[PDB]
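*Asks:* Partial complex follows, first chain(s) only, in situ:
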Amino acid sequence: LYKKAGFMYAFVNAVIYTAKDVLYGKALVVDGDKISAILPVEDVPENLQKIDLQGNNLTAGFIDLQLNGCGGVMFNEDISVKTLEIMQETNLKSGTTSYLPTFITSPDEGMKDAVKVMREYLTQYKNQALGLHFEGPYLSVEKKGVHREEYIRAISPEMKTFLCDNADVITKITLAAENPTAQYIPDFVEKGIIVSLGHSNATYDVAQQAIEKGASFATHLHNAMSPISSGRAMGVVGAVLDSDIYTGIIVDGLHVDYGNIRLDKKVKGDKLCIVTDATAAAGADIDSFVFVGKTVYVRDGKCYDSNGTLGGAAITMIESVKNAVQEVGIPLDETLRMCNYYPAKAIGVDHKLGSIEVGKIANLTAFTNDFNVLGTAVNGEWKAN
Amino acid sequence: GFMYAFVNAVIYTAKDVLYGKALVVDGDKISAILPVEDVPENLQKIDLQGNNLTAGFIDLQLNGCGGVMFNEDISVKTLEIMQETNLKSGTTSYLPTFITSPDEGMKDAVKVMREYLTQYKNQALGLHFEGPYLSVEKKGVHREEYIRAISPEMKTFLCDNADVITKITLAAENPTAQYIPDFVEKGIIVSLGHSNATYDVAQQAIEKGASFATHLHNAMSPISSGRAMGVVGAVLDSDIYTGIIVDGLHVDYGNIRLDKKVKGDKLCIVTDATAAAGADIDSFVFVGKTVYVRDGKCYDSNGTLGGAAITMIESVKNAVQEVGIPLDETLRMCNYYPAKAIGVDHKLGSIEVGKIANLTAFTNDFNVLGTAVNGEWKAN
């Protein structure tokens, strides 16, 4: 009624990266919040409103599976619907239409606050911030990174019930394979929570046991992980590489050498996902921020604490696309799949998001060949950058 | 040597698709491939506005264009017009194609090719004699009264003039095929075409040295049964390079899908174009036969097609949008593979340092922005 869902409109004069094809000479019709039609550009009804993308690129909006903050805010430091709204709006400037608010190692009280804020946000917004990613606290202090040792712990039976009871707003939990909490991996998976390995010093065998129990993701590969340290000690890194699970990797050139990403892409193929792991530094100009009481300084696109340990990243998805194409040498269409289609599959939202197919949600990103985002559509709502 | 740079382009090198790079031209050569932010500040830049840059296209079968036909006006001026017309659709090199007709015109065409080559490099490269040593059953629009078998005198003439003859298309069942080893030894590419030969007779010609096949499917014995594979089957079941027309009228797009799957990096795109390409005409004459031009189709009185009205950049669009070949692979079918098919790939057909700066810039709706020929840039 009254065109509440909007007039139908069409993107024209774009190269369309659908995830399965690269389309030339086609137009993309949006109807309400859905991708309506993909048709020859000269068959678009003359009465449709048209967005002329001037020969640039159009793809499904990026999905960022690990995001602690951006645009000057941190979810841990300000647990509110407003923070989530700010992060969503900031993400659009870099082509990211959905994300997982990532809430790291901290007391039980804030975790329950996070659950309340997520459920409140989800009464108002769909297909944007999708669900919580609890990164910690059930980690290993030997691979704590910037996480506070005093909060790294094993799960109580009551907290296990709490998280299972609230699985409808929890997309992912990152935990250590050797933490006693790994006993509950089948319980989490049964409730629909993605279990991901991270901040873990486990051996190869112990990591594979957690994968066997149902862990299906690995959090920022190489960072805070036991590595392949010898021919006979493969660690969490080797376990993740020598498996079929999806894995996230940061492509800022600072967390992981581009050479390592080249190797990891050859091994992992269509199971390697790009995440930002971004902080308040991303999409803003700041000199420091607070991360669960620890001050993280921002200098030269590096986010590090006073001892030089990296605490998140300052990168965005479209910047990550550019680095993967230009420095890692991944072809553009495959790089895009690592930012939309593969993360969608990794958390099981791919029936409605992550690729350009008729009937899926019109979450979309337009971008140039020098990797500037021109605009986004979220639920069919186009907003130029 | 004048130096300048192309910037703000996606560069298709034939081996890579480069983002964030610049291309530096020095005289007639590709001098450097650099991060765009490392271009020396004293170089003028051509800003390609985010569009595409690739090696200039090479058209291995081109009868005419821009309203002229090489058979009808055998002159250096004709070759100059064809070259100038070709630039508008991204084609920086071509083989002037001279079809079935009497000996005297063939000798004129050799004289004109030599005169052209006293002046021009890396443009019209050398003659493609298409015929007359063909078969009458697969003549197409070629004149039956001129289809013949070669005399020892004309065999000597052609080998004596191999310095300006790039390719000869002949029929595998024509007695002229006995001379395939002679032609190849003199440096002439032998192409199979206009031939009704059996599979076995075609395979014999390939074994003797034929290394190309002329507009696959058109004027060829087909695969007519499980047991009769003909010339088409011999070409497909071989390692030879093959040309194909991608106008959607000479060959069904589904046939091109199959042939690409079989032939991979041996399938080249040719236009086989006529006076109608790059012009707005309704008919033209082709060795005395009028050929009508209607809706991109060139056909004679019987509806036999006589060449095409297509260009290389239009063929690129059709291969990408109708056949489903990826852009970078389609471009290779228009520059890198034809370069290799005729042995000019050491200097042309790909973007690498030290090769000739024959370049084509084009948009994603397949309009050519301009070309460089021997490093000299001209916007369309």
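*Replies:* Everything's here; your move. Residues are numbered from 1 along each chain as shown, chains lettered A, B, ... in the order given.

*Asks:* tally of neighbours for residue A:343?
*Replies:* 29 (other C-beta atoms under 10 Å in any protein chain shown). In short, each C-beta sits where N, CA and C put it, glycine included.

*Asks:* In this structure it contacts residue A:354, no?
*Replies:* Yes: Residue A:343 is within contact range of residue A:354, at 7.0 Å (criterion: C-beta atoms under 8 Å).

*Asks:* what touches both of the two?
*Replies:* Common contacts of residue A:343 and residue A:354, defined by C-beta atoms under 8 Å, 6 or more residues apart in numbering or on different chains, comprise residue A:63.

*Asks:* Contacts only, for residue A:299.
*Replies:* Residue A:299 makes contact with residue A:287 under the criterion C-beta under 8 Å, 6+ apart.

*Asks:* what's across from it in the sheet?
*Replies:* residue A:302 (DSSP bridges).

*Asks:* That one and chain B, how far apart?
*Replies:* Between residue A:299 and chain B the computed distance is 22 Å (C-beta to the nearest C-beta, to the nearest Å).

*Asks:* how much space is there between that residue and residue A:310?
*Replies:* In this view, residue A:299 and residue A:310 are 12 Å apart by C-beta to C-beta, to the nearest Å.

*Asks:* For the stretch 51-200 of chain A, what lies in contact range of chain B?
*Replies:* A:55, A:56 (C-beta under 8 Å from any C-beta of the partner chain).

*Asks:* The same query, at a cut-off of 6 Å, please.
*Replies:* residue A:55 (C-beta under 6 Å from any C-beta of the partner chain).

*Asks:* If we ignore the residues flanking it in sequence, what's nearest the closest residue to chain B within the stretch 51-200 of chain A?
*Replies:* With C-beta to the nearest C-beta, the shortest gap between the stretch 51-200 of chain A and chain B falls at residue A:55, namely 4.5 Å. Computed as C-beta to C-beta, 6 or more residues apart in numbering or on different chains, the closest residue to residue A:55 that is not its neighbour in sequence is residue B:364, at 4.5 Å.

*Asks:* here's chain C, drop it onto the model above:
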Amino acid sequence: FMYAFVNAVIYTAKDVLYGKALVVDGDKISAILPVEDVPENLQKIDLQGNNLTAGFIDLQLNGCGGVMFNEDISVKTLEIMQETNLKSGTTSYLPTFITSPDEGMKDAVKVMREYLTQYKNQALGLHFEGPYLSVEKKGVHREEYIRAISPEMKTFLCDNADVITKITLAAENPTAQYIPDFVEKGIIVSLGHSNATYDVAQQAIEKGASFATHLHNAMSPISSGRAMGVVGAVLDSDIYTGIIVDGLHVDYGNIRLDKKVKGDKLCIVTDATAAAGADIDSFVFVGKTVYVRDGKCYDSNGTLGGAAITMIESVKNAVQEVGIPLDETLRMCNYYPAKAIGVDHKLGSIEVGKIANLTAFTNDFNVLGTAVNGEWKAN
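*Replies:* So that you can see how it sits with the rest, here is chain C on the chains above:
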């Protein structure tokens, strides 16, 4: 009853296994395990380093071992064809009943249904090749019997779909209107003996046809750049297709091209006749005299009337003359035909829980024996 095959290279359809044993339990594949883990007291068949794979499935087979299903419509014929098949590694097949009067078709349905009350996973179901063909591509099929289906015969076939696996018909025959009806009833529809244009053949595929019968043979070919025919529609499609690999029906070079295009959709069939696995000089095939001279079956005019080849002989030719790798060739004889007719959940590959229909063979392509429903019999 439990036993294991040991000392074999096991082609499972997904992997080529070395150092493993295959345990059979009753009629099922029970376990695949390291050979040194097989208990001492478990009975073992030692395959002496030779090859083991899922039994072959022949989707087009008119007769063999001296008998023709059309000519001798009986359960005994199907038993003879099955036991003959085992000698060349073929554990399941579709009895193929060609273009002939309605009454014989009804006889075949009765016989097939009676056979299936006694035998499982062997002769699977009928292949009716014709009569709804075209006279321009009749081959040895009798022109007088090629026809368009009546509403009464359409009802009979759909009523008896429980024993009809496949129907081969021509895309330009008016019978093609009923392709969705046949498909809804569980009958595979295959294109064959058809002079259709590309467009009319693609129309039949869009309507539900999912197979093509002996590619190149009795089909309109790709006759030009612009006329792709039935051959072109099948190749430029995602449907399964059968091909004969006897070197007489189709040039090996054509099979090379067809394999390059169709990949995992190209299935090997024998299209064999009474001459396969027998020593006869001629036979009559629906009134047509077919002479047998050194492995070629042809009528007086020289038209091929079926083949004298077996599946293991086709494997050899596919490997040695076409150049297809052994593991891929075997898939064209078990896994891909199982998928083409929808029995791949129980047959066609070596996976735990599937039926133990198995074939053991040497590297010069002699069959050492078979298991059918787990029951091993050496050649």
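
*Asks:* got a list of contacts for stretch A:237-254?
*Replies:* A:65-66, A:204, A:207-208, A:211, A:216-221, A:225, A:227-228, A:256, A:267, A:271, A:273-275, A:277, A:302, A:313, A:315, A:320, A:323-324, A:346 (C-beta atoms under 6 Å, 6 or more residues apart in numbering or on different chains).

*Asks:* Show me which of those are buried.
*Replies:* A:65-66, A:204, A:207-208, A:211, A:216-221, A:225, A:228, A:256, A:271, A:273-275, A:277, A:302, A:313, A:315, A:320, A:323-324, A:346 (16 or more other C-beta atoms under 10 Å in any protein chain shown).

*Asks:* Within reach of chain C, which of the residues you listed are there?
*Replies:* Applying C-beta under 6 Å from any C-beta to the buried ones among the contacts of stretch A:237-254, none is adjacent to chain C.

*Asks:* May I ask you to confirm that residue A:256 is in contact with residue A:221?
*Replies:* No: the pair residue A:256 / residue A:221 is not scored as a contact, 7.3 Å apart, by C-beta atoms under 6 Å.

*Asks:* Show me which residues of the stretch 1-150 of chain A are close to chain C?
*Replies:* Counting by C-beta under 6 Å from any C-beta, no position of the stretch 1-150 of chain A is adjacent to chain C.

*Asks:* Can you report phi and psi for the most far-flung residue of chain A relative to its centre?
*Replies:* In chain A, the residue that sits farthest from the middle, by C-alpha atoms, centre = their mean, is residue A:46; the gap is 38.2 Å. Phi and psi for residue A:46, reported as degrees, to the nearest 10, are phi -60, psi -20.

*Asks:* Show me the contact partners of stretch A:257-268.
*Replies:* Stretch A:257-268 has contacts (C-beta under 6 Å, 6+ apart) with A:241, A:272, A:327, A:328.

*Asks:* As chain D, please add this:
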Amino acid sequence: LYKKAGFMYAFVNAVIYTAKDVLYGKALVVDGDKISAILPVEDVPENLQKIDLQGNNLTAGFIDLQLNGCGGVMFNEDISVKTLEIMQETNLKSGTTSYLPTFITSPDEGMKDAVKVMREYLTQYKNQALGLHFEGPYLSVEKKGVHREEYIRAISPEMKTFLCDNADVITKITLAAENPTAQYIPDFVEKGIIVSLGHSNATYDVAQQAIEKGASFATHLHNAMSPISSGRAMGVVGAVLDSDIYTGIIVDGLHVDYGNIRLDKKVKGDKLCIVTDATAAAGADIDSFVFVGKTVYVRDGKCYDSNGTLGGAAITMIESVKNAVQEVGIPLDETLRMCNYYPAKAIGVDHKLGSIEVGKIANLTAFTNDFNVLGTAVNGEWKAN
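*Replies:* Next up, chain D placed on what we already have:
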């Protein structure tokens, strides 16, 4: 020459692994020391005597690029032509027809003795022991392994001249990328010596510099190398993997976990070579041997000195083929290439050795599908096991 005159014969009833094809129904004709023809088996000239391989496999003879000893002898301990003859004869029992005698970290005098012995051996034998592999002494103390710290050193200009002057009998030198000796890599390469990286704790950058200066091989990947220890520290292992050089790897399941081999094969493709790194225990039944003053014990397939340091391998090429096929999961035809064709390419003898093609040398191995060697041909001369 009162040895047997070279004649013509054929192998029939074999599956032939040529390195480019797997042939069924073919025969292989030998003429003198050359592969003469590959023909349909029915077309074999009827006058020829025929070896019937009874349906088993036939491939080019294996080339072992790292071999310290076998059959009860160690080249370091008995620097003699007789030692090289015993190793070659022992090698035949496991399908290996060529090898590089490996001489480890030792004083200059022994190195000069080895050059002397290698040159005299090559006056008598072709296509067998091909030339020396000097593994050390220009290594690093931090990754010395079983090599004596007191002998690890940097090369003098006189010893550098000696090695370069004798490059005609030296196939390969393994050195550490951070050893000052690495400055001479271009000199060694210009003289025709393969430079391999090994026993090196170098950073990724220093290792890539050595590769840039001409190093084209890496010695037993993972073993005695700096690993990829984090996202930002890729070490020698990462430099080798993220390059196009050939590298050798031990496939005994004890030096390198099979999962690591899986990963390295996915990364390296046709650049990964199998070596044995074997010792006097290979092809013998001994409980110990001496290796430059140290007793090395043979226990449960392991070779280790009294303090438990690994000192070579007890594995043969055919056993490694079995492990690569059954434990790593590499297809048989690709596994064979890692044992003949790729090592041939790695040291530049592929024009004459390493594959079954007409005109190449008839160095051949016949083996069963339970990976027992039935026999070999060396320079066309067949000898059954």
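
*Asks:* Please reconsider the contacts of stretch A:257-268 now that chain D is part of the model.
*Replies:* Outside stretch A:257-268, the residues that touch it by C-beta under 6 Å, 6+ apart are A:241, A:272, A:327, A:328, D:231, D:232, D:234, D:241, D:242, D:263, D:266, D:267.

*Asks:* Quick check: of the residues you listed, which has the highest neighbour count?
*Replies:* residue D:234 (27 neighbours).

*Asks:* what's the neighbour count on the spatially closest residue to that residue that is not a sequence neighbour?
*Replies:* In space, and not counting its chain neighbours, residue D:234 is closest to residue D:204: 4.1 Å by C-beta to C-beta, 6+ apart. Residues near residue D:204, counting by other C-beta under 10 Å, number 23.

*Asks:* swap in the one 10 residues further on?
*Replies:* Residue D:214 is flanked by 16 other residues according to other C-beta under 10 Å.

*Asks:* The nearest residue to it once chain neighbours are set aside and chain C: what is the separation?
*Replies:* Of all residues not flanking residue D:214 in the chain, residue D:189 sits nearest, at 3.6 Å (C-beta to C-beta, 6+ apart). Note on residue D:189: its distance to chain C, by C-beta to the nearest C-beta, is 39 Å.

*Asks:* Contact partners for residue A:280?
*Replies:* A:69, A:72, A:73, A:74, A:289.

*Asks:* Now that the first one has come up, it's in contact with residue A:279, right?
*Replies:* What it means is residue A:69. Yes: between residue A:69 and residue A:279 there is a contact at 5.2 Å, judged by C-beta under 6 Å.

*Asks:* And the contacts of stretch A:257-268, which is closest to chain C?
*Replies:* Nearest to chain C out of those is residue D:266 (C-beta to the nearest C-beta; 16.7 Å).

*Asks:* What is the burial count for the residue nearest to residue D:214?
*Replies:* Per other C-beta under 10 Å, the neighbour tally for residue D:189 reads 16.

*Asks:* before we move on, the earlier item: can you pull the contacts of the residue nearest to residue D:234?
*Replies:* D:234, D:235, D:238, D:239.
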